[PDB]
Amino acid sequence: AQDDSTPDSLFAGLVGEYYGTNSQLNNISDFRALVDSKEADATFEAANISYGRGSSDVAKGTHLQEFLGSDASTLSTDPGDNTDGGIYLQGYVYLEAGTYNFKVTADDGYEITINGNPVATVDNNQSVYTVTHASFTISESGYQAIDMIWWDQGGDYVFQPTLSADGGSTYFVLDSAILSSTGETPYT
Ligand SMILES: OC[C@H]1O[C@H](O)[C@H](O)[C@@H](O)[C@@H]1O
Ligand SMILES: [Ca+2]
Ligand SMILES: [Ca+2]
Ligand SMILES: [Ca+2]
Ligand SMILES: [Ca+2]
Ligand SMILES: [Ca+2]
Ligand SMILES: [Ca+2]
Ligand SMILES: [Ca+2]
Ligand SMILES: [Ca+2]
């Protein structure tokens, strides 16, 4: 819902913020502290949340643009170089009541929360790895609150958090089919 005096862009995606740093990101706490510490280095619309893979540091050169791919055209600016960096995504996802689980491929770590509760967590650095996470329930059909953080401490980078509604038999990428920046229905 609206919570201030600023109209918010309605689009079929999550609100994305990118933050870079020249300090080391070791874990979720480090990245959240970076987000806390300053304004985003860039904003974007996260409409197709399947990013990377690439090499030679996400925070260098045009690597962020390459990583974000189809979403990069919504960047507010081209950040300068940093050694480390990551993204913070927030908004809504349409889910019917039922049981779900994430399966996430990433380098480095990440955390996804739904309706305030963590549902997929890797609290450390790692080369590319895919985790099938534990199932969670959605009690009421509709737009659920969702946020994500992901970061790269350096080197390679990838982030693809897929979701299953059928007990792990099939998984889908979160994209414009079901994402909403504000919780209103997007017609874009
Ligand atoms: O230790 C974690 C690191 O392992 C390797 O260096 C990977 O290339 C790098 O992307 C990852 O961040
Ligand atoms: Ca607002
Ligand atoms: Ca901030
Ligand atoms: Ca750049
Ligand atoms: Ca891509
Ligand atoms: Ca685009
Ligand atoms: Ca680093
Ligand atoms: Ca990395
Ligand atoms: Ca399958």
# chains A, B, ... in the order shown; residues from 1 in each chain; ligands from 1
$ residues_around --residues "region 23-38 of chain A" --least-positions-apart "2" --cutoff "8 Å" --atoms "only C-alpha atoms" --output "number ranges by chain"
A: 19, 21, 40, 83-86, 88, 109-111, 122-125, 149, 151-153
$ residues_around --residues "residue 73 (chain A)" --least-positions-apart "6" --cutoff "10 Å" --atoms "only C-alpha atoms" --output "ChimeraX atom specification"
/A:44-45,65
$ residues_near_ligand --ligand "ligand 5" --cutoff "8 Å" --atoms "only C-alpha atoms and all ligand atoms" --output "list in words"
residues 50, 51, 52, 53, 66, 67, 68, 69 and 70 of chain A
$ residues_near_ligand --ligand "ligand 1" --cutoff "8 Å" --atoms "only C-alpha atoms and all ligand atoms" --output "MDAnalysis selection string"
chainID A and resid 55 57 107:108 125:128 152:157
$ write_last_selection --atoms "N, CA, C and O atoms" --output "compact mmCIF listing (two decimals), in the first residue's frame"
# COMPACT_ATOMS: atom_id res chain seq x y z
N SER A 55 31.49 -13.28 -15.24
CA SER A 55 32.79 -13.34 -14.58
C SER A 55 33.40 -11.96 -14.39
O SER A 55 32.92 -10.96 -14.94
N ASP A 57 33.76 -9.97 -11.70
CA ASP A 57 33.17 -9.08 -10.67
C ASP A 57 31.92 -8.35 -11.16
O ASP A 57 31.99 -7.57 -12.11
N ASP A 107 25.78 -17.43 -7.04
CA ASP A 107 27.12 -17.09 -6.58
C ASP A 107 27.00 -15.57 -6.43
O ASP A 107 26.72 -14.91 -7.43
N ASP A 108 27.12 -14.97 -5.24
CA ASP A 108 27.45 -15.59 -3.97
C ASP A 108 26.17 -15.97 -3.22
O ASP A 108 25.42 -16.83 -3.71
N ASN A 125 29.47 -16.77 1.22
CA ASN A 125 29.95 -16.74 -0.14
C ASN A 125 30.06 -18.14 -0.69
O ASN A 125 30.17 -19.11 0.07
N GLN A 126 29.96 -18.28 -2.00
CA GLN A 126 30.04 -19.58 -2.65
C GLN A 126 30.20 -19.44 -4.15
O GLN A 126 29.68 -18.51 -4.77
N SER A 127 30.96 -20.37 -4.74
CA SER A 127 30.91 -20.54 -6.19
C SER A 127 29.56 -21.10 -6.54
O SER A 127 28.84 -21.55 -5.66
N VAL A 128 29.24 -21.08 -7.82
CA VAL A 128 27.88 -21.37 -8.25
C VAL A 128 27.36 -22.66 -7.65
O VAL A 128 28.01 -23.72 -7.72
N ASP A 152 27.54 -10.34 -4.79
CA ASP A 152 28.78 -10.88 -5.31
C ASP A 152 29.95 -10.29 -4.53
O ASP A 152 30.11 -9.06 -4.48
N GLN A 153 30.75 -11.14 -3.90
CA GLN A 153 31.98 -10.71 -3.23
C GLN A 153 33.14 -10.53 -4.21
O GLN A 153 34.22 -10.06 -3.81
N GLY A 154 32.94 -10.93 -5.46
CA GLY A 154 34.00 -10.92 -6.45
C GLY A 154 33.99 -12.20 -7.25
O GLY A 154 33.44 -13.22 -6.84
N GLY A 155 34.57 -12.12 -8.44
CA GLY A 155 34.72 -13.27 -9.32
C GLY A 155 33.51 -13.50 -10.18
O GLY A 155 33.07 -12.60 -10.90
N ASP A 156 32.98 -14.72 -10.13
CA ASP A 156 31.80 -15.04 -10.91
C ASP A 156 30.53 -14.61 -10.16
O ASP A 156 30.56 -14.33 -8.96
N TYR A 157 29.42 -14.57 -10.88
CA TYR A 157 28.15 -14.10 -10.32
C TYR A 157 26.99 -14.70 -11.10
O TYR A 157 27.02 -14.75 -12.34
$ closest_atom_pairs --of "chain A" --to "ligand 9" --cutoff "12 Å" --atoms "only C-alpha atoms and all ligand atoms" --output "tab-separated table"
residue	atom	partner	partner_atom_place_in_ligand_line	distance
A:103	CA	ligand 9	1 (Ca)	11.2
A:162	CA	ligand 9	1 (Ca)	11.6
A:163	CA	ligand 9	1 (Ca)	11.4
A:164	CA	ligand 9	1 (Ca)	9.4
A:165	CA	ligand 9	1 (Ca)	11.7
A:166	CA	ligand 9	1 (Ca)	9.9
A:167	CA	ligand 9	1 (Ca)	9.9
A:168	CA	ligand 9	1 (Ca)	6.8
A:169	CA	ligand 9	1 (Ca)	4.5
A:170	CA	ligand 9	1 (Ca)	4.5
A:171	CA	ligand 9	1 (Ca)	7.0
A:172	CA	ligand 9	1 (Ca)	10.2
$ write_last_selection --atoms "N, CA and C atoms" --output "PDB file, in the first residue's frame"
ATOM      1  N   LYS A 103      14.038 -23.047  -5.420  1.00  0.00           N
ATOM      2  CA  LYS A 103      15.267 -23.737  -5.800  1.00  0.00           C
ATOM      3  C   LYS A 103      16.107 -22.653  -6.465  1.00  0.00           C
ATOM      4  N   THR A 162      14.175 -19.904  -8.593  1.00  0.00           N
ATOM      5  CA  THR A 162      12.991 -20.458  -9.233  1.00  0.00           C
ATOM      6  C   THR A 162      12.059 -20.977  -8.144  1.00  0.00           C
ATOM      7  N   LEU A 163      10.777 -21.068  -8.470  1.00  0.00           N
ATOM      8  CA  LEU A 163       9.754 -21.420  -7.505  1.00  0.00           C
ATOM      9  C   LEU A 163       8.906 -22.563  -8.039  1.00  0.00           C
ATOM     10  N   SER A 164       8.552 -23.492  -7.156  1.00  0.00           N
ATOM     11  CA  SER A 164       7.670 -24.601  -7.510  1.00  0.00           C
ATOM     12  C   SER A 164       6.383 -24.533  -6.708  1.00  0.00           C
ATOM     13  N   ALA A 165       5.265 -24.787  -7.385  1.00  0.00           N
ATOM     14  CA  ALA A 165       3.944 -24.859  -6.771  1.00  0.00           C
ATOM     15  C   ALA A 165       3.421 -26.288  -6.734  1.00  0.00           C
ATOM     16  N   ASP A 166       4.210 -27.240  -7.213  1.00  0.00           N
ATOM     17  CA  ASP A 166       3.718 -28.603  -7.399  1.00  0.00           C
ATOM     18  C   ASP A 166       4.658 -29.619  -6.790  1.00  0.00           C
ATOM     19  N   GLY A 167       5.239 -29.267  -5.652  1.00  0.00           N
ATOM     20  CA  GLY A 167       6.038 -30.215  -4.906  1.00  0.00           C
ATOM     21  C   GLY A 167       7.394 -30.485  -5.528  1.00  0.00           C
ATOM     22  N   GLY A 168       7.923 -29.532  -6.288  1.00  0.00           N
ATOM     23  CA  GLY A 168       9.253 -29.700  -6.831  1.00  0.00           C
ATOM     24  C   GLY A 168       9.321 -30.400  -8.163  1.00  0.00           C
ATOM     25  N   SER A 169       8.163 -30.609  -8.789  1.00  0.00           N
ATOM     26  CA  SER A 169       8.069 -31.271 -10.101  1.00  0.00           C
ATOM     27  C   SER A 169       8.401 -30.333 -11.270  1.00  0.00           C
ATOM     28  N   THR A 170       7.954 -29.093 -11.137  1.00  0.00           N
ATOM     29  CA  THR A 170       8.278 -28.032 -12.083  1.00  0.00           C
ATOM     30  C   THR A 170       8.575 -26.750 -11.325  1.00  0.00           C
ATOM     31  N   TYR A 171       9.418 -25.914 -11.927  1.00  0.00           N
ATOM     32  CA  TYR A 171       9.819 -24.639 -11.341  1.00  0.00           C
ATOM     33  C   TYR A 171       9.706 -23.558 -12.382  1.00  0.00           C
ATOM     34  N   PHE A 172       9.399 -22.345 -11.919  1.00  0.00           N
ATOM     35  CA  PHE A 172       9.322 -21.196 -12.802  1.00  0.00           C
ATOM     36  C   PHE A 172      10.140 -20.016 -12.268  1.00  0.00           C
TER      37      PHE A 172
END
$ select_by_dssp --residues "region 74-168 of chain A" --states "strand (DSSP E or B)" --output "MDAnalysis selection string"
chainID A and resid 84:95 98:107 110:114 117:122 129:132 136:138 142:152 157:164
$ write_last_selection --atoms "C-alpha atoms" --output "PDB file, in the first residue's frame"
ATOM      1  CA  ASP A  84      31.801  -6.002  -4.425  1.00  0.00           C
ATOM      2  CA  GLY A  85      28.110  -5.394  -5.026  1.00  0.00           C
ATOM      3  CA  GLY A  86      24.602  -6.721  -4.859  1.00  0.00           C
ATOM      4  CA  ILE A  87      20.895  -6.147  -5.297  1.00  0.00           C
ATOM      5  CA  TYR A  88      17.889  -5.574  -3.061  1.00  0.00           C
ATOM      6  CA  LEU A  89      14.499  -6.308  -4.650  1.00  0.00           C
ATOM      7  CA  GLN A  90      11.122  -5.606  -3.068  1.00  0.00           C
ATOM      8  CA  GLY A  91       7.484  -5.728  -4.068  1.00  0.00           C
ATOM      9  CA  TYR A  92       4.733  -8.304  -4.529  1.00  0.00           C
ATOM     10  CA  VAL A  93       4.200 -11.667  -6.165  1.00  0.00           C
ATOM     11  CA  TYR A  94       0.833 -13.187  -7.026  1.00  0.00           C
ATOM     12  CA  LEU A  95       0.502 -16.622  -5.465  1.00  0.00           C
ATOM     13  CA  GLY A  98      -0.955 -23.540  -1.194  1.00  0.00           C
ATOM     14  CA  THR A  99       2.538 -24.947  -0.708  1.00  0.00           C
ATOM     15  CA  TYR A 100       5.668 -23.763  -2.530  1.00  0.00           C
ATOM     16  CA  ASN A 101       9.438 -24.063  -2.433  1.00  0.00           C
ATOM     17  CA  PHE A 102      12.340 -22.185  -3.954  1.00  0.00           C
ATOM     18  CA  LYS A 103      15.267 -23.737  -5.800  1.00  0.00           C
ATOM     19  CA  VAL A 104      18.005 -21.132  -6.241  1.00  0.00           C
ATOM     20  CA  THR A 105      21.204 -21.101  -8.266  1.00  0.00           C
ATOM     21  CA  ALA A 106      23.626 -18.462  -7.020  1.00  0.00           C
ATOM     22  CA  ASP A 107      27.116 -17.091  -6.584  1.00  0.00           C
ATOM     23  CA  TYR A 110      21.178 -14.502  -0.934  1.00  0.00           C
ATOM     24  CA  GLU A 111      18.044 -14.285   1.130  1.00  0.00           C
ATOM     25  CA  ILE A 112      14.415 -14.293  -0.033  1.00  0.00           C
ATOM     26  CA  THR A 113      11.557 -13.451   2.308  1.00  0.00           C
ATOM     27  CA  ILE A 114       7.808 -13.748   1.741  1.00  0.00           C
ATOM     28  CA  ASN A 117       9.532 -14.713   6.683  1.00  0.00           C
ATOM     29  CA  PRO A 118      12.766 -16.058   5.186  1.00  0.00           C
ATOM     30  CA  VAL A 119      12.060 -18.831   2.702  1.00  0.00           C
ATOM     31  CA  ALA A 120      15.475 -19.244   1.034  1.00  0.00           C
ATOM     32  CA  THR A 121      18.764 -18.365   2.680  1.00  0.00           C
ATOM     33  CA  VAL A 122      22.461 -18.786   1.889  1.00  0.00           C
ATOM     34  CA  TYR A 129      25.595 -23.737  -6.423  1.00  0.00           C
ATOM     35  CA  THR A 130      21.922 -24.747  -6.544  1.00  0.00           C
ATOM     36  CA  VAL A 131      19.963 -25.323  -3.337  1.00  0.00           C
ATOM     37  CA  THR A 132      16.503 -26.833  -3.171  1.00  0.00           C
ATOM     38  CA  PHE A 136       6.491 -22.940   2.844  1.00  0.00           C
ATOM     39  CA  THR A 137       2.776 -22.200   2.778  1.00  0.00           C
ATOM     40  CA  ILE A 138       0.727 -19.294   1.500  1.00  0.00           C
ATOM     41  CA  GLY A 142      -3.326 -12.809  -3.796  1.00  0.00           C
ATOM     42  CA  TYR A 143      -0.295 -10.562  -3.969  1.00  0.00           C
ATOM     43  CA  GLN A 144       2.204 -11.627  -1.315  1.00  0.00           C
ATOM     44  CA  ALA A 145       4.943  -9.315  -0.096  1.00  0.00           C
ATOM     45  CA  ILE A 146       8.365 -10.460  -1.261  1.00  0.00           C
ATOM     46  CA  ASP A 147      11.905  -9.201  -0.991  1.00  0.00           C
ATOM     47  CA  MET A 148      15.282 -10.517  -2.058  1.00  0.00           C
ATOM     48  CA  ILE A 149      18.908  -9.741  -1.500  1.00  0.00           C
ATOM     49  CA  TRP A 150      21.798 -11.227  -3.467  1.00  0.00           C
ATOM     50  CA  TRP A 151      25.446 -10.209  -3.660  1.00  0.00           C
ATOM     51  CA  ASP A 152      28.783 -10.884  -5.313  1.00  0.00           C
ATOM     52  CA  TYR A 157      28.152 -14.098 -10.319  1.00  0.00           C
ATOM     53  CA  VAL A 158      24.736 -15.634 -10.994  1.00  0.00           C
ATOM     54  CA  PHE A 159      21.292 -15.431  -9.390  1.00  0.00           C
ATOM     55  CA  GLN A 160      18.269 -17.459 -10.470  1.00  0.00           C
ATOM     56  CA  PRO A 161      15.647 -18.118  -7.770  1.00  0.00           C
ATOM     57  CA  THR A 162      12.991 -20.458  -9.233  1.00  0.00           C
ATOM     58  CA  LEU A 163       9.754 -21.420  -7.505  1.00  0.00           C
ATOM     59  CA  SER A 164       7.670 -24.601  -7.510  1.00  0.00           C
TER      60      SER A 164
END
$ closest_atom_pairs --of "chain A" --to "ligand 2" --cutoff "8 Å" --atoms "only C-alpha atoms and all ligand atoms" --output "tab-separated table"
residue	atom	partner	partner_atom_place_in_ligand_line	distance
A:2	CA	ligand 2	1 (Ca)	5.3
A:3	CA	ligand 2	1 (Ca)	5.6
A:4	CA	ligand 2	1 (Ca)	4.8
A:5	CA	ligand 2	1 (Ca)	5.9
A:6	CA	ligand 2	1 (Ca)	4.1
A:7	CA	ligand 2	1 (Ca)	4.9
A:8	CA	ligand 2	1 (Ca)	4.8
$ residues_near_ligand --ligand "ligand 4" --cutoff "6 Å" --atoms "only C-alpha atoms and all ligand atoms" --output "short mmCIF file (atom, residue, chain, number, x, y, z; two decimals) with N, CA and C atoms, in the first residue's frame"
data_model
loop_
_atom_site.label_atom_id
_atom_site.label_comp_id
_atom_site.auth_asym_id
_atom_site.auth_seq_id
_atom_site.Cartn_x
_atom_site.Cartn_y
_atom_site.Cartn_z
N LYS A 60 32.14 -4.38 -11.51
CA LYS A 60 33.09 -3.75 -12.41
C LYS A 60 32.50 -3.51 -13.79
N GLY A 61 32.97 -2.45 -14.46
CA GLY A 61 32.63 -2.20 -15.86
C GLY A 61 31.16 -2.28 -16.14
N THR A 62 30.81 -3.04 -17.18
CA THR A 62 29.42 -3.22 -17.59
C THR A 62 28.88 -4.58 -17.17
N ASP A 78 24.49 4.24 -14.77
CA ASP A 78 25.52 3.23 -14.90
C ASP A 78 26.48 3.42 -13.73
N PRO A 79 26.43 2.54 -12.72
CA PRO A 79 27.32 2.73 -11.57
C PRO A 79 28.79 2.70 -11.97
N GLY A 80 29.61 3.41 -11.21
CA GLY A 80 31.05 3.27 -11.34
C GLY A 80 31.56 1.94 -10.82
N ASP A 81 32.86 1.73 -10.93
CA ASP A 81 33.44 0.48 -10.46
C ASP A 81 33.43 0.37 -8.94
#
$ closest_residue --among "A:64, A:72, A:58, A:173" --to "ligand 7" --atoms "only C-alpha atoms and all ligand atoms"
A:58
$ closest_residue --among "A:74, A:133, A:59, A:97" --to "residue 13 (chain A)" --atoms "only C-alpha atoms"
A:74
